[PDB]
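**Q** I am sharing query.cif, which consists of mmCIF, C-alpha atoms (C1' of nucleotides):
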data_input
loop_
_atom_site.label_atom_id
_atom_site.label_comp_id
_atom_site.auth_asym_id
_atom_site.auth_seq_id
_atom_site.Cartn_x
_atom_site.Cartn_y
_atom_site.Cartn_z
CA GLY A 139 0.00 0.00 0.00
CA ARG A 140 1.17 3.50 0.92
CA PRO A 141 4.67 3.48 2.43
CA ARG A 142 4.56 4.03 6.19
CA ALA A 143 5.64 7.34 7.68
CA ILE A 144 8.41 5.98 9.93
CA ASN A 145 10.39 2.70 10.33
CA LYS A 146 11.15 0.78 13.53
CA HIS A 147 14.47 2.63 13.86
CA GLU A 148 12.71 5.98 13.43
CA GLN A 149 9.98 4.74 15.77
CA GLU A 150 12.62 3.99 18.42
CA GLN A 151 14.48 7.16 17.92
CA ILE A 152 11.16 9.01 18.28
CA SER A 153 9.71 6.99 21.12
CA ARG A 154 12.87 7.82 23.06
CA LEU A 155 12.84 11.52 22.13
CA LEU A 156 9.16 11.65 23.14
CA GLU A 157 10.05 10.25 26.52
CA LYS A 158 12.74 12.86 27.01
CA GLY A 159 10.10 15.55 26.75
CA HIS A 160 10.21 16.49 23.07
CA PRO A 161 6.85 17.90 21.89
CA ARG A 162 5.12 15.96 19.19
CA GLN A 163 4.61 19.23 17.36
CA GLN A 164 8.37 19.63 17.04
CA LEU A 165 9.24 16.02 16.32
CA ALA A 166 6.49 16.19 13.68
CA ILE A 167 7.97 19.19 11.88
CA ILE A 168 11.36 17.55 12.12
CA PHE A 169 10.74 13.94 11.01
CA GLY A 170 8.70 15.20 8.07
CA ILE A 171 5.39 13.78 9.35
CA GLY A 172 2.09 15.17 10.63
CA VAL A 173 1.10 15.47 14.27
CA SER A 174 -1.96 13.26 14.12
CA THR A 175 0.37 10.56 12.83
CA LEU A 176 2.56 10.78 15.93
CA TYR A 177 -0.34 10.68 18.37
CA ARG A 178 -1.29 7.53 16.51
CA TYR A 179 2.14 5.88 16.80
CA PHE A 180 2.36 7.15 20.41
CA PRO A 181 -0.82 8.14 22.27
CA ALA A 182 -0.13 10.73 24.95
CA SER A 183 -1.46 8.06 27.27
CA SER A 184 1.20 5.72 25.82
CA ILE A 185 4.28 7.32 27.43
"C1'" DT B 1 -7.80 3.75 -14.50
"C1'" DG B 2 -8.57 -0.26 -9.80
"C1'" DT B 3 -7.65 -2.39 -4.85
"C1'" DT B 4 -5.03 -1.82 -0.58
"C1'" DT B 5 -2.83 0.10 3.26
"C1'" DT B 6 -1.68 4.02 5.61
"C1'" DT B 7 -1.42 8.94 5.85
"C1'" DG B 8 -2.91 13.53 7.65
"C1'" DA B 9 -6.24 17.31 8.04
"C1'" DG B 10 -9.61 18.59 10.67
"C1'" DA B 11 -13.52 17.79 13.87
"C1'" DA B 12 -14.99 17.17 18.20
"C1'" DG B 13 -14.02 16.46 23.37
"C1'" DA B 14 -19.85 14.22 29.57
"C1'" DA C 1 -5.26 29.27 23.47
"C1'" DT C 2 -3.20 23.63 23.98
"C1'" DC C 3 -3.60 18.65 24.04
"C1'" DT C 4 -5.47 14.17 22.39
"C1'" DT C 5 -8.12 11.19 20.01
"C1'" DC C 6 -10.77 9.72 15.93
"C1'" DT C 7 -12.62 9.83 11.63
"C1'" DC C 8 -12.13 9.48 6.58
"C1'" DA C 9 -11.02 11.47 1.92
"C1'" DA C 10 -7.32 10.36 -0.54
"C1'" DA C 11 -2.13 10.18 -1.27
"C1'" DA C 12 1.22 6.70 -2.22
"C1'" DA C 13 2.62 2.72 -4.23
"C1'" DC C 14 1.87 -0.99 -7.51
#
As structure tokens, what does this structure read like?
**A**
Amino acid sequence: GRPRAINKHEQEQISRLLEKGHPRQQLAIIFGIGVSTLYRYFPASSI
DNA sequence: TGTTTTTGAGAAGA
DNA sequence: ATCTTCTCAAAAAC
């Protein structure tokens, strides 16, 4: 189908950055992906 | 010009 | 204003 937005490596990198306090808004602008996507890969209640 | 899988804007939150 | 979740047209790839 449509290529995913981020691979396991990226997912890790991000999941770690998100747990360090990085705002999804930022990480979103940075990793070239939309915010709703991040909340999907990592619900705020999933940290 | 057709199905599939995933994206991302935006809508709505006892 | 912020934050989070959820839907859903449709991009993205073949």
**Q** How would you write, as a PyMOL selection string, the residues chosen by the PyMOL selection byres ((chain A) within 9 of (chain B)) on this structure?
**A** chain A and resi 139-143+171-175
**Q** Exactly which residues make up the result of the PyMOL selection byres ((chain C) within 7 of (chain A)) on this file, given as an MDAnalysis selection string?
**A** chainID C and resid 4 12:13
**Q** State, in Å with one decimal place, the distance from atom CA of residue 160 of chain A to atom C1' of residue 7 of chain C.
**A**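 Between atom CA of residue 160 of chain A and atom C1' of residue 7 of chain C the gap works out to 26.4 Å.
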**Q** Could you work out how far atom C1' of residue 3 of chain C lies from atom CA of residue 167 of chain A, giving the answer in Å with one decimal?
**A** 16.8 Å
**Q** Please, what distance in Å, to one decimal, runs between atom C1' of residue 5 of chain C and atom CA of residue 185 of chain A?
**A**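 Interatomic distance, atom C1' of residue 5 of chain C to atom CA of residue 185 of chain A: 15.0 Å.
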**Q** N, CA, C and O atoms are needed for segment 156-175 of chain A; please write them out as a PDB file, in the frame of the given file.
**A**
ATOM      1  N   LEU A 156      10.448  11.276  22.556  1.00  0.00           N
ATOM      2  CA  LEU A 156       9.160  11.650  23.140  1.00  0.00           C
ATOM      3  C   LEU A 156       9.175  11.465  24.638  1.00  0.00           C
ATOM      4  O   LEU A 156       8.458  12.153  25.364  1.00  0.00           O
ATOM      5  N   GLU A 157       9.984  10.521  25.099  1.00  0.00           N
ATOM      6  CA  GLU A 157      10.050  10.250  26.520  1.00  0.00           C
ATOM      7  C   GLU A 157      11.083  11.109  27.229  1.00  0.00           C
ATOM      8  O   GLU A 157      11.227  11.060  28.446  1.00  0.00           O
ATOM      9  N   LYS A 158      11.773  11.933  26.455  1.00  0.00           N
ATOM     10  CA  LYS A 158      12.740  12.860  27.010  1.00  0.00           C
ATOM     11  C   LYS A 158      12.049  14.190  27.196  1.00  0.00           C
ATOM     12  O   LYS A 158      12.603  15.101  27.805  1.00  0.00           O
ATOM     13  N   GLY A 159      10.849  14.312  26.632  1.00  0.00           N
ATOM     14  CA  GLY A 159      10.100  15.550  26.750  1.00  0.00           C
ATOM     15  C   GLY A 159       9.878  16.309  25.458  1.00  0.00           C
ATOM     16  O   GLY A 159       9.228  17.353  25.469  1.00  0.00           O
ATOM     17  N   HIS A 160      10.406  15.812  24.346  1.00  0.00           N
ATOM     18  CA  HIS A 160      10.210  16.490  23.070  1.00  0.00           C
ATOM     19  C   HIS A 160       8.734  16.531  22.667  1.00  0.00           C
ATOM     20  O   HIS A 160       8.049  15.515  22.668  1.00  0.00           O
ATOM     21  N   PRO A 161       8.235  17.715  22.301  1.00  0.00           N
ATOM     22  CA  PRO A 161       6.850  17.900  21.890  1.00  0.00           C
ATOM     23  C   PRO A 161       6.587  17.253  20.553  1.00  0.00           C
ATOM     24  O   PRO A 161       7.394  17.358  19.624  1.00  0.00           O
ATOM     25  N   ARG A 162       5.447  16.598  20.441  1.00  0.00           N
ATOM     26  CA  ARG A 162       5.120  15.960  19.190  1.00  0.00           C
ATOM     27  C   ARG A 162       5.077  16.981  18.069  1.00  0.00           C
ATOM     28  O   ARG A 162       5.389  16.672  16.928  1.00  0.00           O
ATOM     29  N   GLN A 163       4.683  18.204  18.388  1.00  0.00           N
ATOM     30  CA  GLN A 163       4.610  19.230  17.360  1.00  0.00           C
ATOM     31  C   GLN A 163       5.973  19.395  16.697  1.00  0.00           C
ATOM     32  O   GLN A 163       6.083  19.459  15.471  1.00  0.00           O
ATOM     33  N   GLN A 164       7.011  19.461  17.528  1.00  0.00           N
ATOM     34  CA  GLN A 164       8.370  19.630  17.040  1.00  0.00           C
ATOM     35  C   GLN A 164       8.800  18.431  16.248  1.00  0.00           C
ATOM     36  O   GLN A 164       9.069  18.542  15.052  1.00  0.00           O
ATOM     37  N   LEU A 165       8.870  17.290  16.934  1.00  0.00           N
ATOM     38  CA  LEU A 165       9.240  16.020  16.320  1.00  0.00           C
ATOM     39  C   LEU A 165       8.548  15.823  14.974  1.00  0.00           C
ATOM     40  O   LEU A 165       9.126  15.256  14.049  1.00  0.00           O
ATOM     41  N   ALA A 166       7.300  16.289  14.891  1.00  0.00           N
ATOM     42  CA  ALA A 166       6.490  16.190  13.680  1.00  0.00           C
ATOM     43  C   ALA A 166       7.104  17.024  12.563  1.00  0.00           C
ATOM     44  O   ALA A 166       7.341  16.521  11.459  1.00  0.00           O
ATOM     45  N   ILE A 167       7.359  18.298  12.853  1.00  0.00           N
ATOM     46  CA  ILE A 167       7.970  19.190  11.880  1.00  0.00           C
ATOM     47  C   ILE A 167       9.297  18.618  11.423  1.00  0.00           C
ATOM     48  O   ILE A 167       9.638  18.652  10.241  1.00  0.00           O
ATOM     49  N   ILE A 168      10.048  18.097  12.385  1.00  0.00           N
ATOM     50  CA  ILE A 168      11.360  17.550  12.120  1.00  0.00           C
ATOM     51  C   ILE A 168      11.376  16.274  11.283  1.00  0.00           C
ATOM     52  O   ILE A 168      11.946  16.270  10.196  1.00  0.00           O
ATOM     53  N   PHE A 169      10.754  15.202  11.763  1.00  0.00           N
ATOM     54  CA  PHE A 169      10.740  13.940  11.010  1.00  0.00           C
ATOM     55  C   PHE A 169       9.933  13.963   9.725  1.00  0.00           C
ATOM     56  O   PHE A 169       9.714  12.916   9.125  1.00  0.00           O
ATOM     57  N   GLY A 170       9.485  15.136   9.292  1.00  0.00           N
ATOM     58  CA  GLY A 170       8.700  15.200   8.070  1.00  0.00           C
ATOM     59  C   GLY A 170       7.396  14.396   8.112  1.00  0.00           C
ATOM     60  O   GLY A 170       7.058  13.690   7.155  1.00  0.00           O
ATOM     61  N   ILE A 171       6.660  14.490   9.218  1.00  0.00           N
ATOM     62  CA  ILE A 171       5.390  13.780   9.350  1.00  0.00           C
ATOM     63  C   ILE A 171       4.422  14.610  10.186  1.00  0.00           C
ATOM     64  O   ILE A 171       4.838  15.387  11.045  1.00  0.00           O
ATOM     65  N   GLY A 172       3.128  14.429   9.926  1.00  0.00           N
ATOM     66  CA  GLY A 172       2.090  15.170  10.630  1.00  0.00           C
ATOM     67  C   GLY A 172       1.812  14.747  12.066  1.00  0.00           C
ATOM     68  O   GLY A 172       1.968  13.566  12.431  1.00  0.00           O
ATOM     69  N   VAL A 173       1.352  15.711  12.865  1.00  0.00           N
ATOM     70  CA  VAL A 173       1.100  15.470  14.270  1.00  0.00           C
ATOM     71  C   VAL A 173       0.127  14.365  14.576  1.00  0.00           C
ATOM     72  O   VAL A 173       0.385  13.564  15.476  1.00  0.00           O
ATOM     73  N   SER A 174      -0.990  14.318  13.855  1.00  0.00           N
ATOM     74  CA  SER A 174      -1.960  13.260  14.120  1.00  0.00           C
ATOM     75  C   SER A 174      -1.314  11.905  13.956  1.00  0.00           C
ATOM     76  O   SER A 174      -1.682  10.961  14.655  1.00  0.00           O
ATOM     77  N   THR A 175      -0.333  11.816  13.059  1.00  0.00           N
ATOM     78  CA  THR A 175       0.370  10.560  12.830  1.00  0.00           C
ATOM     79  C   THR A 175       1.100  10.163  14.111  1.00  0.00           C
ATOM     80  O   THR A 175       0.992   9.033  14.563  1.00  0.00           O
TER      81      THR A 175
END
